[PDB]
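Reviewing the structure listed below.
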Amino acid sequence: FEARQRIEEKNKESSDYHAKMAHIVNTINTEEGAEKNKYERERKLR
Amino acid sequence: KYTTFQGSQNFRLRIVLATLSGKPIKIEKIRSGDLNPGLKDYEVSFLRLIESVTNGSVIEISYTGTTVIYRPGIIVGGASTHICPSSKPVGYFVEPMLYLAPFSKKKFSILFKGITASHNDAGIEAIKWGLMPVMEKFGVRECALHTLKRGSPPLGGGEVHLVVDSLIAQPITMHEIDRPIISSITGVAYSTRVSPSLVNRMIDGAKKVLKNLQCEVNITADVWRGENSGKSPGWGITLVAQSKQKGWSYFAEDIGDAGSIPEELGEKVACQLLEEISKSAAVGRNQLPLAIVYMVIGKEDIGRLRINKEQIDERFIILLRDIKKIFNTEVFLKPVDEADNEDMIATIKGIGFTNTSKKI
Amino acid sequence: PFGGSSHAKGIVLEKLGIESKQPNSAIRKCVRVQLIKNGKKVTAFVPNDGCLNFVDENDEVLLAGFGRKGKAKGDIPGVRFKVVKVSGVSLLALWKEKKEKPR
Amino acid sequence: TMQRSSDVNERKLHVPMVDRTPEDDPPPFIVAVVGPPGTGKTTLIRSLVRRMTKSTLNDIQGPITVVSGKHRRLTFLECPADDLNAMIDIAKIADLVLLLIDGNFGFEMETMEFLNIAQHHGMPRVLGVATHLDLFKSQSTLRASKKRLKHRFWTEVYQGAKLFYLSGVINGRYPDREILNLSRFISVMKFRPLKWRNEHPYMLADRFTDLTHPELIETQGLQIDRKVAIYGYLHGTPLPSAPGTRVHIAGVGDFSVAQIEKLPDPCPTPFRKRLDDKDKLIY
Amino acid sequence: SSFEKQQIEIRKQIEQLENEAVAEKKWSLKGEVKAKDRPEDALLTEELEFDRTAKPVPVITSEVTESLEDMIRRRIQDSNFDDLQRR
Amino acid sequence: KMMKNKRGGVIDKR
Amino acid sequence: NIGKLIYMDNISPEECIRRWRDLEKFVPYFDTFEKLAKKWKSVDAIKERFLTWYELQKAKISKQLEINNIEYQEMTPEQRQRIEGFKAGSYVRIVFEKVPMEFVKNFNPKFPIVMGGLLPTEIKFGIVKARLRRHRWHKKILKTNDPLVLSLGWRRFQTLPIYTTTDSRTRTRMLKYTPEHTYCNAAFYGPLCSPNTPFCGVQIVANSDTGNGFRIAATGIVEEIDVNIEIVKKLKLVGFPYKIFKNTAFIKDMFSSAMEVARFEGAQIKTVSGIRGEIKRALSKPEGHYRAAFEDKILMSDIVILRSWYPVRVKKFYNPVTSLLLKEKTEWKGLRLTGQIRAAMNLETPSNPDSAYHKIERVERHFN
Amino acid sequence: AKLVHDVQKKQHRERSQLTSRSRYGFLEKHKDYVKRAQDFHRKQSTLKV
RNA sequence: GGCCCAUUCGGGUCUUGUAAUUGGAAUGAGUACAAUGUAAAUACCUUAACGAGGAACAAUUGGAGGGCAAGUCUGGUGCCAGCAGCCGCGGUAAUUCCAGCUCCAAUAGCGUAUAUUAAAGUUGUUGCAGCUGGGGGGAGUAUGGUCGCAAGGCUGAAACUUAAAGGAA
Ligand SMILES: Nc1nc2c(ncn2[C@@H]2O[C@H](COP(=O)(O)OP(=O)(O)OP(=O)(O)O)[C@@H](O)[C@H]2O)c(=O)[nH]1
Ligand SMILES: [Mg+2]
């Protein structure tokens, strides 16, 4: 019984953590690389 | 060692302010001269909710049940659930959690399970539309009462997911030296396990009382169909008046019971709301407790909030006496310098509160 | 990048990626900073996980540009700045223990 | 010059914090003289108070608060040089530190330990004072060790702190030219608000007594936990006036206050202009 | 004095945990505990946690047998089953 | 799992 | 009038309202519905209620400060006693009752008498979770459950910390020393300060043992406070094979009984070669012997390993220094370090003989 | 080594066989096991061919 | 055995190495007799005595690459791949450990961020929505981000297991 419970709670914890880390990675990618490319675009005009 | 109170009045506010201040209290003579003397089951389950929310707090009920010893501890929060008894609805237990809610290690994600409404307590719409905006402008920004299903009395069977997820340091200092202009007046008329025409009868009664004021009236309508309706027939109505330039709100609710006319209940809640507008100034008579509690646990500055003459009462000053009894602070009521009305401006210097449970 | 300056001073909000299970990952050595000039919140690196425990919160950081010389492997492209000081003390000197961070 | 203007205007920006120090009657700034045992200190505190208040204060003890400006007054106290405990306490509450360095011997671990304890508990302003400049005939090695002490001091405090050089003692205390412009350096210091100090009500005690009952001591016989009055100026946030406020007296334990009677200022600052020798007071 | 008996009870716990620190370890804090370096069957009374390879075989309960039971009730009610067809 | 990291408890002497 | 009535607390609240002219019930008191109907048939009573960044933050805080002053400009015993009270620069006498005898007896005015006001948090005890660091000039490494004197807020107090690591953020498991040149976590039973406050720590505060080295040993900040911590110390259970086949083996002594193996069935083990495995069933007649299955054929020269975790407790030990209650006020002695205790009572330091490393030389590996 | 200390990339030394279990010489570690296993696998591969 | 070339196989070349031992010479920073200088003193100049082996009398800064554990984390088509690794069983008077891992460049100097200058591919047209307003190539691909739109499931029919009628098969 403790086997089944421990295994499934560890699987749930890992699947939550991977979603959370992937979320913060591509939110830092999208909503700050847009500003990086905007600065590069308005620096290419100079 | 213990700050001593007497009697079973303001019980939730005493345990809440003891948890905020970190001071050990005793409450003595819980209805000792009575036929069934002692603590009741709903306040015992409130103590169990306090033990769920905090950690390291020791509560010590006596043999006779007429005195309780609360030695508080660190607010830690976490995810929980609370199967509160039939004696009180979920509003009786989610109202004192809104004080402790933004000052914990982990964010509040609790779901209460029981009766949704009562005549003499807070409802879902009351908690949400009235008591969340005053926290929303006292400093929290992410707070939500969700209904997953709602249960009218007596059998109930409704669950309510209180989730606050802004863990602030301390509430900001309030500065409301005005009476906020009411921009709109909205509401919600709900009904479970009855016919959908009662909601429109309630809405029509409330709006035919409200029709002579030159503002805009809008009451939303929800019938609850299915398993979301709960185990009992019920219906009720909650109106708010909405100042939109600042965000303030003034609410009034009630529920019908066995033998109640819905147009009667709608016009009753409409007139009760207009009387709250009359006896209100920048708060409500029921939004005023946690408003001045957040003003007293703000920063170590002066925060001032306007109130009117009729909001002073035995409840309000027994609140002020309990505040000064626990952490030794006074309110200063200075009157305004214009005389078409009697409004004080209560200035409270907040104690130096921070939440020290949130990990840095 | 910062406008007309080469560096910019900022306020440390919170160490992003503090729950990342990989030491010295680019998600982990990655700090969110409010610049004081225009108030906006940007994201900055730090040299490693070892110097990640010199910033804690509202630390008066100083940050320059990053300058990637080639497409890295474990990168997150879309973070532009790097932390170069903390509370007026160079954290490379802090990392090699040449100075002590004052508070 | 526009890039210069941007990069210089940038380093005016700092973290906006509250101040919590009043502007009407601020407390006397706590000046702590910190040295290893055998250099300056006494002679230095005596010389500074003699220049400041025209009063030969032979045989000092305790904190000494004098008026040294039209609105800046300040408190002089000296750490016992062997105690790391008193070193730690005055590191946690001092505002200005006169850091005594035996310039002939060099740097020392007592001043290095104070510098690190202060750096971790909220680094106050530090003016370094190097004495024992009687090295040899070699003015060359005087200048060499002068520069080396300045650079090593600059790695411990911000780059551009003030190291001050005192010459030999003449007639019991230091040369008054050097102490005059040392007080000129103390008079302009422009203190910046710390964090623990400006969310905590603290107080350095310049007067102490037990207001116990001597016939109660005759009754019970000297084992009595006896009551005590503690007089002094208080700094930081406003300490509340109700009895029962908890207080740590740093070195004897935890107590709660019983009664507070605030007293009129024993060393007050008086209301271009100069400071009258009548108004250069001393408490 | 008051501080005197405070000081002697402080010195009491000073002594007891300084010779805890000098004295012999617990077996359970030390790693590489063999069979011969333990109290014999201290492990049933231990409440020790660890990890396992795979989820073990499911114990068939009344609720899971009625779960697939009313599943196949639904299935053979609507006759949405899958067989072969003749060629 | 509910007991695991608690430190308080109500003491019901009734 | 009304404030004096509210805070005059020997009269009933209804008497305050009476001589000016209960919270379990949430919704407030309303009239009868009929009185309210005749009152609010009209509507006109309430128809007039109806209808750079750095300098910006500094402007907001100076606006709050001028609000503070212009609302302090009020009644004199209200401001100067009870609504804020004794701002700064006020010269006060302050009376403490039950101060120890030893302070008044041994009061030497060289040593300063500092006092500081504790917050609501700093009167609470419990586990403080810090991240600390051996100070770069302190020579010797620090050891868990060796006392060090912390300077945490106003208090200086000797405590027993235990240094932890969150090994890739999975556990918070227990080290045995602090690291050489970086930060670890730590946890000590002491008075709970707020988070983000810094502290120093010292091995030795006296002067008879002050030596020649640097005396401040640890630096750090406080990460979190709690009433309990859950930290672990790894224990492995080692057992050896005695009967090996392909892909399965019989493992001899990590258990003493088939009840113990039954308790541990299905657990994943591994050899020291990293060959993963799983224990399957306890053998019947030799008691702690069991049958395990591995990735492939393990050898007779291997050791299997069951990595488990044992919980460890912080030691609730706390003595404040009380240096001013001594006749010497240096020479304060608390709990000793473990090397000092071993040097005192002449016990040799514990040496596991097969824990010491050697110079392994590989033989060349040839197969048939 | 861009931001790594030389006191950080030290040399962890490897452990020997227990002296009680010493007649089975040389506790083998992961490099020894992979030298064993890939030899077995190439010989099984040519046997299968 | 070192070194050099080369995408590959390989090719070209040659007294080259070593925390190996060891030997006596050299003096300079420093410590210092003086005298000179100068109103006097400093400094320059001249100058006896002492002053090196880790010559520890202890120069940096930046870069490139490894290697290790009964260690830890992640993925999944065994034994792998990846991220990495001051954290390992014991141990801090304990340990003597890849001898303190190897290499490279500048050297009283050496990095980093930002802005920049110079080089010519300098067009022969047409670039949008036309009576002026302009982002940046063509063809595609992926998406744990943000904003939307969208599924269910016989309708009647829910508070009611409820009619007629319709649908479907
Ligand atoms: N030559 C010389 N002697 C000094 C100087 N400053 C202080 N002293 C001597 O230092 C001696 C020791 O006394 P203090 O200087 O008062 O000692 P302290 O610095 O207060 O330190 P404690 O002895 O620990 O109190 C005095 O008798 C002075 O002659 C200085 O600049 N030059
Ligand atoms: Mg002295």
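Order determines the names: the first chain of the structure tokens is A, the second B, and so forth; residues in each chain are numbered 1 upward, and ligands are numbered 1 upward as they are shown.
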Subject >> chain F residues near chain B (7 Å cut-off, only C-alpha atoms) as a list in words >> reply: residues 6, 7, 8, 9, 10, 11, 12, 13 and 14 of chain F
For the selection you just gave me, I'd like the residues written to a file as a PDB file, in the first residue's frame, keeping N, CA, C and O atoms.
```pdb
ATOM      1  N   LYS F   6       2.925  18.346  11.992  1.00  0.00           N
ATOM      2  CA  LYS F   6       2.188  19.203  12.904  1.00  0.00           C
ATOM      3  C   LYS F   6       2.954  19.332  14.210  1.00  0.00           C
ATOM      4  O   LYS F   6       3.820  18.517  14.531  1.00  0.00           O
ATOM      5  N   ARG F   7       2.640  20.391  14.955  1.00  0.00           N
ATOM      6  CA  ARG F   7       3.304  20.647  16.223  1.00  0.00           C
ATOM      7  C   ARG F   7       2.374  21.148  17.314  1.00  0.00           C
ATOM      8  O   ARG F   7       2.858  21.475  18.400  1.00  0.00           O
ATOM      9  N   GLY F   8       1.073  21.229  17.070  1.00  0.00           N
ATOM     10  CA  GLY F   8       0.174  21.849  18.023  1.00  0.00           C
ATOM     11  C   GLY F   8      -0.816  20.911  18.675  1.00  0.00           C
ATOM     12  O   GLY F   8      -0.480  20.197  19.621  1.00  0.00           O
ATOM     13  N   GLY F   9      -2.049  20.928  18.181  1.00  0.00           N
ATOM     14  CA  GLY F   9      -3.092  20.061  18.689  1.00  0.00           C
ATOM     15  C   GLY F   9      -3.995  20.788  19.659  1.00  0.00           C
ATOM     16  O   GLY F   9      -3.510  21.560  20.488  1.00  0.00           O
ATOM     17  N   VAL F  10      -5.302  20.594  19.546  1.00  0.00           N
ATOM     18  CA  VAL F  10      -6.205  21.055  20.587  1.00  0.00           C
ATOM     19  C   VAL F  10      -6.174  20.040  21.712  1.00  0.00           C
ATOM     20  O   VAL F  10      -6.016  18.837  21.479  1.00  0.00           O
ATOM     21  N   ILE F  11      -6.285  20.513  22.942  1.00  0.00           N
ATOM     22  CA  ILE F  11      -6.323  19.585  24.058  1.00  0.00           C
ATOM     23  C   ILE F  11      -7.735  19.585  24.613  1.00  0.00           C
ATOM     24  O   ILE F  11      -8.088  20.410  25.461  1.00  0.00           O
ATOM     25  N   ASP F  12      -8.553  18.662  24.125  1.00  0.00           N
ATOM     26  CA  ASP F  12      -9.948  18.558  24.533  1.00  0.00           C
ATOM     27  C   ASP F  12      -9.996  17.766  25.831  1.00  0.00           C
ATOM     28  O   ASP F  12      -9.840  16.544  25.832  1.00  0.00           O
ATOM     29  N   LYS F  13     -10.204  18.457  26.946  1.00  0.00           N
ATOM     30  CA  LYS F  13     -10.363  17.796  28.230  1.00  0.00           C
ATOM     31  C   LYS F  13     -11.820  17.557  28.584  1.00  0.00           C
ATOM     32  O   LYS F  13     -12.115  17.198  29.726  1.00  0.00           O
ATOM     33  N   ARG F  14     -12.730  17.733  27.637  1.00  0.00           N
ATOM     34  CA  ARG F  14     -14.148  17.592  27.920  1.00  0.00           C
ATOM     35  C   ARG F  14     -14.576  16.131  27.927  1.00  0.00           C
ATOM     36  O   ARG F  14     -15.332  15.706  28.801  1.00  0.00           O
TER      37      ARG F  14
END
```
**OP:** Tell me which protein, DNA and RNA residues are within 8 Å of segment 172-189 of chain B, counting only C-alpha atoms (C1' of nucleotides), leaving out same-chain ones fewer than 5 positions away, and put them as a PyMOL selection string.
**Re:** (chain B and resi 125+138-139+199+202-203+215-222+235-246+248+281-282+295+298-299+301-306+345) or (chain G and resi 49-51)
Original post:
Within 12 Å of residue 95 of chain C, counting only C-alpha atoms (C1' of nucleotides), which residues qualify if same-chain residues fewer than 6 places away don't, as JSON, numbers by chain?
Top reply: {"C": [46, 47, 48, 49, 50, 51, 52, 53, 54, 55, 84, 85, 86, 89, 101], "G": [136, 181, 182, 183], "H": [3, 4, 5]}
Subject >> Long-range neighbours of residue 18 of chain A as a PyMOL selection string, 12 Å cut-off, only C-alpha atoms (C1' of nucleotides), 4 positions minimum in chain >> reply: (chain A and resi 11-14+22-25) or (chain C and resi 19-21) or (chain I and resi 74-75+144)
Give as a PDB file with N, CA, C and O atoms, in the first residue's frame the residues surrounding ligand 1 up to a distance of 7 Å, considering only C-alpha atoms (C1' of nucleotides) and all ligand atoms.
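The result, stored in result-v2.pdb:
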```pdb
ATOM      1  N   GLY D  35      39.479  50.221  19.228  1.00  0.00           N
ATOM      2  CA  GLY D  35      40.869  49.927  19.008  1.00  0.00           C
ATOM      3  C   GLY D  35      41.344  48.703  19.753  1.00  0.00           C
ATOM      4  O   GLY D  35      40.729  48.262  20.723  1.00  0.00           O
ATOM      5  N   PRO D  36      42.441  48.115  19.288  1.00  0.00           N
ATOM      6  CA  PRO D  36      43.141  47.100  20.072  1.00  0.00           C
ATOM      7  C   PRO D  36      43.729  47.710  21.332  1.00  0.00           C
ATOM      8  O   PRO D  36      43.946  48.928  21.382  1.00  0.00           O
ATOM      9  N   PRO D  37      43.983  46.916  22.376  1.00  0.00           N
ATOM     10  CA  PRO D  37      44.381  47.505  23.666  1.00  0.00           C
ATOM     11  C   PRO D  37      45.796  48.065  23.632  1.00  0.00           C
ATOM     12  O   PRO D  37      46.774  47.320  23.572  1.00  0.00           O
ATOM     13  N   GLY D  38      45.896  49.390  23.683  1.00  0.00           N
ATOM     14  CA  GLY D  38      47.192  50.022  23.756  1.00  0.00           C
ATOM     15  C   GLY D  38      47.399  51.184  22.812  1.00  0.00           C
ATOM     16  O   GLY D  38      48.514  51.696  22.710  1.00  0.00           O
ATOM     17  N   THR D  39      46.350  51.631  22.131  1.00  0.00           N
ATOM     18  CA  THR D  39      46.477  52.719  21.169  1.00  0.00           C
ATOM     19  C   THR D  39      45.331  53.705  21.324  1.00  0.00           C
ATOM     20  O   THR D  39      44.172  53.301  21.433  1.00  0.00           O
ATOM     21  N   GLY D  40      45.671  54.992  21.370  1.00  0.00           N
ATOM     22  CA  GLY D  40      44.732  56.087  21.224  1.00  0.00           C
ATOM     23  C   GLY D  40      43.605  56.158  22.227  1.00  0.00           C
ATOM     24  O   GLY D  40      43.818  56.481  23.383  1.00  0.00           O
ATOM     25  N   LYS D  41      42.407  55.797  21.755  1.00  0.00           N
ATOM     26  CA  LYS D  41      41.134  55.713  22.528  1.00  0.00           C
ATOM     27  C   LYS D  41      41.013  56.791  23.615  1.00  0.00           C
ATOM     28  O   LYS D  41      40.530  57.888  23.289  1.00  0.00           O
ATOM     29  N   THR D  42      41.365  56.451  24.862  1.00  0.00           N
ATOM     30  CA  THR D  42      41.270  57.381  26.024  1.00  0.00           C
ATOM     31  C   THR D  42      41.855  58.745  25.646  1.00  0.00           C
ATOM     32  O   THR D  42      41.089  59.727  25.638  1.00  0.00           O
ATOM     33  N   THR D  43      43.168  58.798  25.404  1.00  0.00           N
ATOM     34  CA  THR D  43      43.841  59.998  24.944  1.00  0.00           C
ATOM     35  C   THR D  43      43.049  60.663  23.819  1.00  0.00           C
ATOM     36  O   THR D  43      42.869  61.884  23.814  1.00  0.00           O
ATOM     37  N   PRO D  80      35.648  48.328  25.608  1.00  0.00           N
ATOM     38  CA  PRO D  80      36.747  47.590  26.227  1.00  0.00           C
ATOM     39  C   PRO D  80      37.363  46.676  25.183  1.00  0.00           C
ATOM     40  O   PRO D  80      36.662  45.945  24.484  1.00  0.00           O
ATOM     41  N   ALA D  81      38.680  46.760  25.054  1.00  0.00           N
ATOM     42  CA  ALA D  81      39.327  46.251  23.856  1.00  0.00           C
ATOM     43  C   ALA D  81      39.432  44.736  23.834  1.00  0.00           C
ATOM     44  O   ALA D  81      39.581  44.147  22.758  1.00  0.00           O
ATOM     45  N   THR D 131      47.368  56.057  14.494  1.00  0.00           N
ATOM     46  CA  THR D 131      48.271  56.702  15.429  1.00  0.00           C
ATOM     47  C   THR D 131      49.620  56.002  15.420  1.00  0.00           C
ATOM     48  O   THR D 131      49.876  55.131  14.582  1.00  0.00           O
ATOM     49  N   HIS D 132      50.477  56.408  16.364  1.00  0.00           N
ATOM     50  CA  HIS D 132      51.850  55.925  16.516  1.00  0.00           C
ATOM     51  C   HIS D 132      52.656  56.137  15.240  1.00  0.00           C
ATOM     52  O   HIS D 132      53.286  55.221  14.713  1.00  0.00           O
ATOM     53  N   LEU D 133      52.632  57.365  14.739  1.00  0.00           N
ATOM     54  CA  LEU D 133      53.474  57.732  13.605  1.00  0.00           C
ATOM     55  C   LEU D 133      54.792  58.297  14.135  1.00  0.00           C
ATOM     56  O   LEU D 133      55.101  59.485  14.046  1.00  0.00           O
ATOM     57  N   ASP D 134      55.557  57.389  14.728  1.00  0.00           N
ATOM     58  CA  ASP D 134      56.902  57.626  15.227  1.00  0.00           C
ATOM     59  C   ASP D 134      57.782  56.473  14.778  1.00  0.00           C
ATOM     60  O   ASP D 134      58.496  55.861  15.573  1.00  0.00           O
ATOM     61  N   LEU D 166      47.307  60.700  12.901  1.00  0.00           N
ATOM     62  CA  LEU D 166      47.656  61.440  14.095  1.00  0.00           C
ATOM     63  C   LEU D 166      49.143  61.303  14.357  1.00  0.00           C
ATOM     64  O   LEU D 166      49.702  60.211  14.260  1.00  0.00           O
ATOM     65  N   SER D 167      49.774  62.416  14.704  1.00  0.00           N
ATOM     66  CA  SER D 167      51.191  62.428  15.029  1.00  0.00           C
ATOM     67  C   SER D 167      51.377  62.007  16.483  1.00  0.00           C
ATOM     68  O   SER D 167      50.480  61.441  17.110  1.00  0.00           O
ATOM     69  N   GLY D 168      52.570  62.239  17.022  1.00  0.00           N
ATOM     70  CA  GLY D 168      52.848  61.841  18.386  1.00  0.00           C
ATOM     71  C   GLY D 168      52.040  62.631  19.398  1.00  0.00           C
ATOM     72  O   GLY D 168      51.615  63.759  19.153  1.00  0.00           O
ATOM     73  N   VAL D 169      51.802  62.001  20.545  1.00  0.00           N
ATOM     74  CA  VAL D 169      51.113  62.664  21.641  1.00  0.00           C
ATOM     75  C   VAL D 169      52.031  63.723  22.243  1.00  0.00           C
ATOM     76  O   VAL D 169      53.237  63.504  22.425  1.00  0.00           O
TER      77      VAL D 169
END
```
**OP:** Go through chain C and collect every residue that DSSP, computed from the backbone, puts in strand (DSSP E or B); the answer should be as a ChimeraX atom specification.
**Re:** /C:8-16,30-35,41-45,61-65,81-86,89-90
**OP:** Enter the distance from atom CA of residue 320 of chain G to atom CA of residue 153 of chain G, in Å, rounded to one decimal.
**Re:**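 That distance, rounded to one decimal, is 12.5 Å.
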Give me, as JSON lines, the closest atom pair and its distance (Å, one decimal) for every residue of chain E within a cut-off of 7 Å of chain A, counting only C-alpha atoms, rows sorted by chain and rising number.
```
{"residue": "E:52", "atom": "CA", "partner": "A:3", "partner_atom": "CA", "distance": 6.7}
{"residue": "E:55", "atom": "CA", "partner": "A:4", "partner_atom": "CA", "distance": 5.4}
{"residue": "E:56", "atom": "CA", "partner": "A:4", "partner_atom": "CA", "distance": 6.5}
```
Would you mind exporting N, CA, C and O atoms of the selected residues as a PDB file, in the first residue's frame?
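As written to disk, result-v5.pdb reads:
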```pdb
ATOM      1  N   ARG E  52      10.905   2.330  -4.442  1.00  0.00           N
ATOM      2  CA  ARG E  52      10.660   1.004  -4.991  1.00  0.00           C
ATOM      3  C   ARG E  52      10.707   1.061  -6.512  1.00  0.00           C
ATOM      4  O   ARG E  52      10.556   2.129  -7.110  1.00  0.00           O
ATOM      5  N   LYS E  55       5.149   0.045  -9.507  1.00  0.00           N
ATOM      6  CA  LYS E  55       3.855  -0.004  -8.855  1.00  0.00           C
ATOM      7  C   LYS E  55       3.418  -1.456  -8.719  1.00  0.00           C
ATOM      8  O   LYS E  55       3.374  -2.175  -9.729  1.00  0.00           O
ATOM      9  N   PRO E  56       3.119  -1.934  -7.508  1.00  0.00           N
ATOM     10  CA  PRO E  56       2.807  -3.355  -7.324  1.00  0.00           C
ATOM     11  C   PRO E  56       1.448  -3.733  -7.878  1.00  0.00           C
ATOM     12  O   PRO E  56       0.715  -2.875  -8.376  1.00  0.00           O
TER      13      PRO E  56
END
```
